[PDB]
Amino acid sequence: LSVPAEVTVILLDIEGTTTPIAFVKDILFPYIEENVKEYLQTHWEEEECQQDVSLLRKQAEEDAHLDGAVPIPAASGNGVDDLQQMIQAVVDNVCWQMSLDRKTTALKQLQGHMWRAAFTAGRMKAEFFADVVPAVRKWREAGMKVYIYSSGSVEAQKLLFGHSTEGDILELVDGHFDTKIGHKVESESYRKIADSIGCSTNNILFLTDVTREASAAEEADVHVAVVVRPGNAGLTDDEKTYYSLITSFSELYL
């Protein structure tokens, strides 16, 4: 509710915090499965697409031992028939990786390039709860710095903020962090985030919906608040009593 005087930075989780889970789980990711074949068919000749498929082929070779693994065999030729077969293999491999929650760099890389087309072309918009932007603006007016921490790549994060239901709000963010800085349930990740930002762990207030993230940040001597939004995983009675909860960014007083 009332931020400690020592806080100078607000670190924000995305899914379940600034953005509903429904958008991420039922819109953002399913979009990939629905568009990967069309995307590959249309942009196969692109140097970037060729590089993406190259990475996916390498990954497919490394997963060859896994049961149910989908191979991306060497093309049979360079005719349109051979290409159709190739494309199907890549599509099948991508969907397979997504069915299990395998978030490899090869997969994330292609997803990011596909999302760039979706958001830039205005086919999709990143959903933010109505209280987010106004609160963030006031926070910044009060001198607070604002950073984002999500498992989604920074490149993908920028697309979300650049094409939100609130328009382009990239300027409201001072920086982004993804799994490169470490995993969200590891306290060490938060100590590094403080280092990258250029502050102390105690100058940070992290807002997240998952308690496993909250407890990891607390262990890193970071201040935390648990955000409750529609569709979020329930909190235990003890967690509801232990953590400071907020149902809106407006509930935070500086």
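All residue numbers refer to positions in the sequence shown, first residue = 1.
Engineer: Check the entry's C-alpha temperature factors for 28 to 36 and 61 to 69, then say which stretch has the higher mean.
Structural biologist: Higher mean C-alpha B-factor in the PDB entry: 61 to 69.
Engineer: Could you check which stretch, 108 to 116 or 161 to 169, carries the larger mean CA temperature factor in the entry?
Structural biologist: Result: 161 to 169.
Engineer: Reading the B-factor column of the entry, which of 176, 103, 184, 125 has the highest value at its C-alpha atom?
Structural biologist: Of the options given, 103 has the highest CA B-factor in the PDB entry.
Engineer: Within this chain, which third does the Cα B-factor at residue 189 fall in: lowest, middle or highest?
Structural biologist: Answer is lowest: the recorded C-alpha B-factor places it there.
Engineer: Going by the recorded CA B-factors, say which third of the chain residue 82 sits in, lowest, middle or highest.
Structural biologist: As the PDB entry reports it, the C-alpha B-factor of residue 82 lands in the lowest third of its chain.
Engineer: For the chain shown, is the CA B-factor of residue 232 in the lowest, middle or highest third of its modelled residues?
Structural biologist: Residue 232: CA B-factor falls in the middle third of its chain.
Engineer: Compared with the other modelled residues in the chain, in which third is the CA B-factor of residue 135?
Structural biologist: Answer is highest: the recorded C-alpha B-factor places it there.
Engineer: Going by the entry, which third of its chain does the Cα temperature factor of residue 11 land in?
Structural biologist: Lowest third.
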